[PDB]
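Below: one structure, written as structure tokens.
Numbers and lists here come from the model and the stated rules, or from a named source; nothing here is a laboratory result. Here the Cβ positions follow ideal geometry from the backbone for every residue, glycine too, while neighbour counts run over all protein chains shown.
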Amino acid sequence: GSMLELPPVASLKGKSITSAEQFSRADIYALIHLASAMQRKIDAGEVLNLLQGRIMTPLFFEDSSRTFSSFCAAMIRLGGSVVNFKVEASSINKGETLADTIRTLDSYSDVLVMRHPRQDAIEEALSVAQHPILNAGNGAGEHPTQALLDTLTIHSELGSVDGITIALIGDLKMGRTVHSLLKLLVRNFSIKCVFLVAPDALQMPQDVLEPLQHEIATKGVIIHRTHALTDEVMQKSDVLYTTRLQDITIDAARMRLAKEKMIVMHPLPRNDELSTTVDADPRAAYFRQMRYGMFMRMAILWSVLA
Amino acid sequence: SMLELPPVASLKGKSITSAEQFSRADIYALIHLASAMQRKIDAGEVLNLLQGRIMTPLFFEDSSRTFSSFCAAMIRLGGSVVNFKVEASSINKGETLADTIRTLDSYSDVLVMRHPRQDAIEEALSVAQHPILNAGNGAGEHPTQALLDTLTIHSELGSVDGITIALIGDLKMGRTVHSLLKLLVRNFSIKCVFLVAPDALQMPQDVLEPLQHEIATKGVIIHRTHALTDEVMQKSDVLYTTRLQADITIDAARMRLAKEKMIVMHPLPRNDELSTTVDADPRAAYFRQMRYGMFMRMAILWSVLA
Amino acid sequence: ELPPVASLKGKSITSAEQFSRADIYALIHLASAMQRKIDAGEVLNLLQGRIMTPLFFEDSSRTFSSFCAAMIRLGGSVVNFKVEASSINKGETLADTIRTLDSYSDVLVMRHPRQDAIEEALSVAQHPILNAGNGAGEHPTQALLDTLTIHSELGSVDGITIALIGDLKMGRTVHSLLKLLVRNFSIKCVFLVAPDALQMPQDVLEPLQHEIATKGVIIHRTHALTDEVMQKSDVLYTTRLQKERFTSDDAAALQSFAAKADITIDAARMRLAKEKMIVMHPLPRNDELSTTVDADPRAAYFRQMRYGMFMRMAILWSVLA
Ligand SMILES: N[C@@H](CC(=O)O)C(=O)O
Ligand SMILES: N[C@@H](CC(=O)O)C(=O)O
Ligand SMILES: N[C@@H](CC(=O)O)C(=O)O
């Protein structure tokens, strides 16, 4: 993988990342090819020193296993460093405001990775930070880097993103991952069809679907709402993208209905909506998805900080 | 390297426990080293001075600035951090402080220690082979805060001799003001100090009494006030305020009385004693102060470890 | 100058049993070489771009810090994963957690209160896992650094008389150490010094019974540091009461440590010890090992931690080379 270039995606330079809306099709493909090259070099055991002396600081005001770790791992595999700030062992116990906390980490860091239970917290953070903030999840709003890594996953596993039928399953109302993913897919690709699979109370919100209306109509994207993984959903979907609470269960029995050429995805963590009986299936892409996450995050950090 | 970033020789291999241990020449050499670190980092240069050396933080109480600042400064020097947490440690199995110290001392080149007991630093020093840097010992001292505070004054105003400074808030329990008063009065010709606090929270007699010889021979003027009077507002070149862990609040209305060229400083975190209405004022130096902190800690770490 | 121990390459470390004598000596010599270079101030860049992720489900000072420090001094990096701040709060299983960190890491360092958690991790992990403690089971890298300590301090492991003292029932350190010494060395004598309720378990001794017999290793049980134990032992290896592993059963076991044994090591007790010997303790200690011993040249339990770092460098390099 030695002779591969790592050209940073120029449109990302020095910018905060808050929404799937900010990326073009050209941006997404450029990040995919960058991530794929990162992967090749890392897997061949090559050592990258692109971000030596640059600091990422995680600011996680709620729990994370993969997003936090993969961001740290991505930064370190670029040669960068991480300052391990913790909210519970911080001056927030002494009454410190969110804005003062941002200005603090912003004094030391080159990039901030922020996850917060309030949707409006990223906005507040942007209004005071000088360095880029990467949105690692803002309440029930968005998770833009999850959308990007999810798209890398589809592209690598199936070989194409245009033309797919995808089911978004579970808690679509509160799921920030399905919010960013729908936006990123519909805005930039020629999606055939989207099944919105959720109980009525947990359906995809209007504030996501409405801004997409022009794109949905002009590209002819077929939207279908169901409250179950029906035979039709199982038989037509190239991607079953399921999510946690926050019948739609996927187990081996259910998988007998799926196409040979398809993938099951889940941003994780999972509960019983996605059974361990699916794990040995070649079509279970939800573990590989995490490793794709680290490479996408390397492509993003290098592009942001180059 | 020895030209651009000469280490301050007097600090080599030494523990830092008190503002008292520094001379005027030490402070100026640190200040000049910190500005050179600043210039190199802000120009994007990568420093490799402490590769292979380990700092370990030992924080028995919370910190946002001091912990992060020290970690960043170590990293920006090319050194590394072992992220020890007291709450996830063998202290829960009955391990003493002395044994904890010997433990981290077996792996580390420098320890950074914050503890709610004033004498805990002295116990740690009796067993440690490697330097310990006091990041706060009860209501005792915070010597690196006084150093970065003095760098902040020097950089913003252009000199430290001749200033009128107000120390405002909980002066009794404020380890920052204890160290700062000591550092300033011992080593500079301070014109006037205002100690702005009710008698119940006034500067301790055990800080004032040992400064007797320097107050006398440099003719430093010192007055107590209970409130932030108009005289204090009009005469002060530096308003240094702190968390009362009446009538001491600095807001945009109070600022209308301040000199045109002065700074407002605060070691942080703040409560209502320092209104956010002041944050847009160019005189508000308490965010820049944190960044000076990182460069001062780089100058300290490099001098101690070179 | 720092050749990795080839037999360890790419392999998980779960038990003292997986090591041969040649493996132990090659690790010791590699560890001593790491120590010479680190002490001379040399900077190593052997694992640049490799990541270790600590997965600690219980408390640690030495083991966690030592592994991180060892990784760093090899030029490697750490992803500081925190169990209490993870998706485990949202219901994520152990296996899914393992798969997660395994997606980003080159090596996992795992400590868990359940003895069988390490095996479950192994069945799903692609990258090597290092057992940093599995319940009251084993602490294999402790056993290695302890043998490094005995070797460096006394100059020989074969022929020693060793007392294993304290909570032998819940002591994963003495479990691993007893297995490592007996399988790979000609130990002259082992004193098992504990109250009956905390004695070395049968599931440790029985698999060792063949080696004990055919090597002629003397095993004695006592509940006290008698004159005989003090006068004959080349090493006194003492341990903490493992309270966190402990009903009236529990209460009986817990108080037996002071009530049904006489096993404190203090300066007065040390007046009976040989001139050429060491006192060891994996740490942390409570009152079983008095601070009056710390000034004694024979107190090796602080130097033991530093040997720990060098053994862990030799191990990490050997696993990841
Ligand atoms: N972990 C993802 C989805 C989930 O929580 O299941 C998120 O934080 O958005
Ligand atoms: N945080 C600083 C100052 C303050 O608490 O106001 C200290 O810990 O000393
Ligand atoms: N720290 C060692 C010994 C002890 O805990 O007492 C262990 O974890 O096994």
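If I filter segment C:46-55 for residues that are of a type in the set (D, E, K, R) and surrounded by 19 or more Cβ atoms within 10 Å (Cβ to Cβ), do I get at least one hit? Explain how you work it out, then say what you get.
From segment C:46-55, those of a type in the set (D, E, K, R) are C:50; that's our starting set.
This time we only want the ones that are surrounded by 19 or more Cβ atoms within 10 Å (Cβ to Cβ), so: C:50.
Yes: segment C:46-55 contains one or more residues that are of a type in the set (D, E, K, R) and surrounded by 19 or more Cβ atoms within 10 Å (Cβ to Cβ).
Every test in (1) under 26 Å from A:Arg225 (Cβ atoms); (2) not assigned by CATH to the domain that holds A:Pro205 is passed by A:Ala99 save one, and that test is (1).
Do we find a residue being more than 14 Å from chain B (Cβ to nearest Cβ), within 16 Å of C:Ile263 (Cα to Cα) and buried (at least 24 other Cβ atoms within 10 Å of the Cβ) anywhere in segment C:280-292? Explain how you work it out, then say what you get.
Start the filter on segment C:280-292 by keeping residues that are more than 14 Å from chain B (Cβ to nearest Cβ), which leaves C:280.
Keeping just the survivors that are within 16 Å of C:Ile263 (Cα to Cα) gives C:280.
Now drop any that are not buried (at least 24 other Cβ atoms within 10 Å of the Cβ), which leaves C:280.
Yes; the residues of segment C:280-292 include at least one that is more than 14 Å from chain B (Cβ to nearest Cβ), within 16 Å of C:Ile263 (Cα to Cα) and buried (at least 24 other Cβ atoms within 10 Å of the Cβ).
If you check B:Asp272 against the conditions, is it more than 24 Å from B:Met173 (Cβ to Cβ) and of a type in the set (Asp, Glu)? So that I can check it myself, show each step before the final result.
Details: more than 24 Å from B:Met173 (Cβ to Cβ): no; of a type in the set (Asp, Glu): yes.
Taking the combined requirement at face value, the residue does not satisfy it.
Scoring C:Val193 on the criteria (1) within 22 Å of C:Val229 (Cα to Cα); (2) of a type in the set (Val, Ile, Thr); (3) in the same structural domain as C:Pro113 (by CATH) leaves a single failure, condition (3).
Residues of segment A:253-278 that are in contact with a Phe, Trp or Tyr (Cβ under 7 Å, 6 or more places away or on another chain) and near ligand 1 (Cβ under 10 Å from one of its atoms): A:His266, A:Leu268. Given the criteria more than 14 Å from chain A (Cβ to nearest Cβ) and of a type in the set (A, V, I, L, M, F, W, C), does C:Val157 qualify? Against the criterion (more than 14 Å from chain A (Cβ to nearest Cβ) and of a type in the set (A, V, I, L, M, F, W, C)), C:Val157 qualifies. Each residue in segment A:38-72 was checked for being within 10 Å of chain C (Cβ to nearest Cβ) and not charged (D, E, K, R), and 15 pass. Within segment C:74-105, the set of residues being on the phi > 0 side of the Ramachandran plot, facing chain A (nearest Cβ under 7 Å) and crowded, with 18+ Cβ neighbours inside 10 Å is empty.
Condition check: in a loop (DSSP other than H, G, I, E, B) and of a type outside the set (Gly, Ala, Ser). Does A:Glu21 satisfy that? The answer is no for A:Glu21. Scanning segment A:106-119 for residues that are at the interface with another protein chain (Cβ under 8 Å from one of its Cβ atoms) and either closer than 30 Å to C:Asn45 by Cβ or under 22 Å from the mean Cα position of the chain (by Cα) (or both) yields A:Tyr108, A:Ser109.
Let's see how each residue does on (1) of a type in the set (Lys, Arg); (2) within 16 Å of ligand 2 (Cβ to nearest atom); (3) within 14 Å of chain A (Cβ to nearest Cβ):
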{"residue": "B:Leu208", "(1), (2), (3)": "no, no, no"}
{"residue": "B:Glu214", "(1), (2), (3)": "no, no, no"}
{"residue": "B:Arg224", "(1), (2), (3)": "yes, no, no"}
{"residue": "B:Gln234", "(1), (2), (3)": "no, no, no"}
{"residue": "B:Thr242", "(1), (2), (3)": "no, yes, yes"}
{"residue": "B:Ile248", "(1), (2), (3)": "no, yes, no"}
{"residue": "B:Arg254", "(1), (2), (3)": "yes, no, no"}
{"residue": "B:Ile263", "(1), (2), (3)": "no, no, no"}
{"residue": "B:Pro269", "(1), (2), (3)": "no, yes, yes"}
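Could you go through segment C:17-37 and let me know if any residue there is facing chain B (nearest Cβ under 9 Å), under 26 Å from B:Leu50 (Cα atoms), surrounded by fewer than 23 Cβ atoms within 10 Å (Cβ to Cβ) and charged (D, E, K, R).
Within segment C:17-37, the first condition is being facing chain B (nearest Cβ under 9 Å), and the residues that meet it are none.
No: zero hits.
Here B:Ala252 passes the criteria (1) farther than 30 Å from B:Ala36 by Cα; (2) in contact with a helix residue (DSSP H, G or I) (Cβ under 6 Å, 6 or more places away or on another chain); (3) surrounded by 16 or more Cβ atoms within 10 Å (Cβ to Cβ) except the one numbered (3).
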